[PDB]
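Each of the two blocks below gives one form of the same protein chain as structure tokens; they are labelled structure 1 and structure 2.
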Structure 1
């Protein structure tokens, strides 16, 4: 019965809302096919009253439907299927699935004049051609963002990248003129709490037909079998958190639809479509996006590792240049401090320090004091050959490696505090009408929430950045020992 406030919202059970969106009806069955619960609108949408204890009957739901249901009813492992069928006055999409051991049948009115197979195929071809045309991982995102809008007619579609700390950044955008831009918006990991994030990962597509909707409750609330709520995780019609709804209306959005990009076990980022009036996307089309989601995820994965590959390649090429120079010139300092192949170019940094013997070369600033303090901190830890941190002198980020012990051969890279890369301003943008929860649920409030998180922090060191440092360290050890 608990109200969901700003304090609660982190722990909101959004998977068991026990209600569904109004653009469809829902019937929940148990293993034997016996009805356990239904949305309060089954009668109003489909001509009949589903009742707990009942079993579904032909042409109160039609034949092919039970035909489908029986197949999944007798199959081990998460059944999933859909049928198209006429029930009374209308034809329906009857998407059905089984999660836990409860079976779900979802009913959407089908208004499309097209054959489903071809509608599905047509859109799949169109939206994944965008995945064959681009080598830049950012062109991919940018282009499919522009294309998703062309296909769906959404007012605004955005592509979100998720950082290491699960904070988000709007990296692409295609929007109708009128609308303010959110390009470069960065948002925290909290803007999408655990359960919501778990769900985007498990579900390629989420659709919100109308944010201003009144939910259609499924009765009864609790599954008699367990005396605990129905887990609508894989339910297409599952209802929305009032918090998110308030957020979206603060923005002035009325319909959403998001396509996930999952790589590893991580939500790599999603495409968020936003409409200013309510909007619906037919089932077969959503399936076009679902399959797309899986392929795009695959290509983004490769494109990203193709990116790291090239980073490693030019790094070694520079380690080669470095090895070449060092042996022939015989001062390392000159080699390391080289303007372009120098260490400052090896790994993205705002500065670097080279330190062998008693001599100190600070390149791109005065870093001698910091390096001294960092080194003192490592006093307590004589065995550390590598040190790094984004919390901390005057530079937040530090990556230090040791290549000579006795003569204190050290290398440092430094990073300043992370800064909002792109920022809007210039003319006060319009007044958002703000709900009861407060300004926290506006983009402006989200951004501020993000600042408070990152400030005091430099950008984390790449998986890649550390790998390079490690290779460099090996190089110099080799050199110093060798000659």
Structure 2
């Protein structure tokens, strides 16, 4: 089936039957039988992988057969690399096992120093341990990545709870424009491409305008279903994503991944306006920056909600003094710097006890009237929140007999930073300007999400006004 916009969602990009020509593939079964190969296995590998033939030291060499043989009898999913001369030019020979099949991949040797990488990994461990902000390691390491590799541009994305993603970091040649503060949707990265970005630390496209070197046979006879190139390194790129880059005028791609638990938290994307390829051992070197950042960013966000937790249980002890000192809360809760309006990031708030109604920062008495009416279907629902409806509402109930409530509200997510001052067939939706527009229709009517912590607190305050109201 042809792959257009209505199909781009489900389009299998793991089983393309194709690869990139910068290397060759040979797929083997449980015993070592050649099930198929890229039609270019004789471009530089002087021999012919004939469907149904076998491995021979006269085609592949000692070290290769040696390695492969280790894998067919390998305990855990087999994966490894080997540098040995195959034919007349030198090769990087990397393989791996997936499902019940086996794969081999051959890269030519582009004629690094390790100490010179273990050295400026301290330029990054040091540089971010004075500064302690995830935004500044992303910002910092993003600069360092550019220097290490030479990529025309390199960006760092963060992925929100909606898998939307933003450009929170950038280093580019001043010859090019900027994409900082860019918000593209969850669509631009489909469930089956993102799943791949997690299974693979690094993904590398050597050339975008490349011609797909299909591997044949198309289907693997044992199963009669398309082979699964998920962990493949030369796997072909989606034809839709290709048109994207060549519109952006970008001709190469490499992506270090940041994985927290099981989420794609963010990744460093590196474009290059001309065909750029990096040797394999160098990409296993960056696969190391991958885990590092996923491990500092791990406890930065878990050492920064602990800060939010600190300053929100301080300004929640303050209202334990102010409120018992004078004795009717409508005072302490309206306090400017401490007190509810600031306690939980919002664009407004409301306090409701008895008949009195204190609307901090705006007239929210009318909305609160509706939110309590739709709380008559839910009696005994001492909490409520929503990102649509002034469409942000978070409400807790600290007193039942007398209407005892607290409201915080929000507006649509406002684009933090904006800017001001070559088309493809499949439409204009395939460009930066289009990605942004298609995000704007997703959040239309959607207020910033109530964060995991913005709700921990809401449930804490309600627990203080509980023992504070009663007595």
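Rigid core here is just the name for the largest C-alpha set that superposes within 1.5 Å across the two forms. Numbering follows the first chain given and starts at 1. Only residues modelled in both forms are compared.
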Residue showing a 2 Å-or-more C-alpha displacement between structures 1 and 2 once the rigid core is overlaid, selected from 198, 279, 149, 134: 134
After fitting the rigid core, is the C-alpha of residue 387 off by 2 Å or more between structures 1 and 2? no
Does superposing the core leave residue 235 with a CA shift of 2 Å or more between structures 1 and 2? no
For residue 250, does the CA position differ by 2 Å or more between structures 1 and 2 when the superposition is done on the rigid core? no
If the core is used for the superposition, what shift in Å does the C-alpha of residue 266 show between structures 1 and 2? 0.9
Displacement in Å of the C-alpha of residue 76 between structures 1 and 2, rigid core kept as reference: 3.1
With both forms fitted on the core, how large is the C-alpha shift of residue 290 between structures 1 and 2 in Å? 1.1
Provide the ranges, sorted by sequence, of consecutive runs with at least 3 residues in which each Cα shifts 2 Å or more between structures 1 and 2, based on a superposition on the core. 115-134
